[PDB]
Ligand SMILES: Nc1nc2c(ncn2[C@@H]2O[C@H](COP(=O)(O)OP(=O)(O)NP(=O)(O)O)[C@@H](O)[C@H]2O)c(=O)[nH]1
Ligand SMILES: [Ca+2]
Ligand SMILES: [Mg+2]
Ligand SMILES: [Mg+2]
């Protein structure tokens, strides 16, 4: 049974925890409790393969930026999340990508760019703007709503499929 070490990263409040909890526990967290560092594990079948997802849900609140180097070393794939109603969170993605990129000493780290909260109408990050960022990384862009579950399984499973291309 393959184990996949996924790490969810991004700015505070973008929905990292709500996405992970929707995937693992199938409900929507309406309240905002800032995360330090939590882990989840679940056995799932992906493309006929039983595997174990080990998901690290990280802090976006800039206090715990010191713990970033630790988890960027352990993780095999990174879900890089911003919120489509938060332009600053989109601009912050670089800081996360470069950090992963620097820490891993690799321009070839399994990653997926996630535009979350696509159920909200106050969009300030257009899909094409995020597609361009993902293209320069050579990674997929996927929009999600942790609230409606739109795209949630697709985002995490796509990251597993990125790890599998090595
Ligand atoms: N409408 C909507 N709200 C969402 C969505 N995802 C998260 N939220 C809301 O946004 C707030 C923050 O979500 P949360 O998952 O805690 O964010 P986070 O990125 O884990 N924060 P932190 O980095 O501090 O741990 C919560 O009120 C949550 O309900 C989404 O897809 N749609
Ligand atoms: Ca709820
Ligand atoms: Mg959180
Ligand atoms: Mg604009």
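Each residue, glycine too, has its Cβ placed from N, Cα and C.
Of the residues 35, 148, Swiss-Prot records the annotation (Microbial infection) O-linked (Glc) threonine for 35.
Between the stretches 32-40, 41-49, 50-58, 59-67, Swiss-Prot puts its motif 'Effector region' entry on 32-40. Across the fold, the C-alpha of residue 16 (GTP binding site) and the C-alpha of residue 2 (N-acetylthreonine) stand 24 Å from each other.
Figure note: comparing Cβ neighbours within 10 Å for the recorded positions 1, 29, 118, the maximum is reached by 118. Checking the recorded positions 16, 118, 147 against ligand 3, the ones whose Cβ sits under 6 Å from it are 16. Shown are the binding-site residues 32, 116, 119; of these, the residue with the fewest other Cβ atoms within 10 Å is 32. Looking only at the binding-site residues 16, 147, the densest Cβ neighbourhood within 10 Å occurs at 16. The CA atom of residue 118 (S-nitrosocysteine) is located 16 Å away from the CA atom of residue 29 (GTP binding site).
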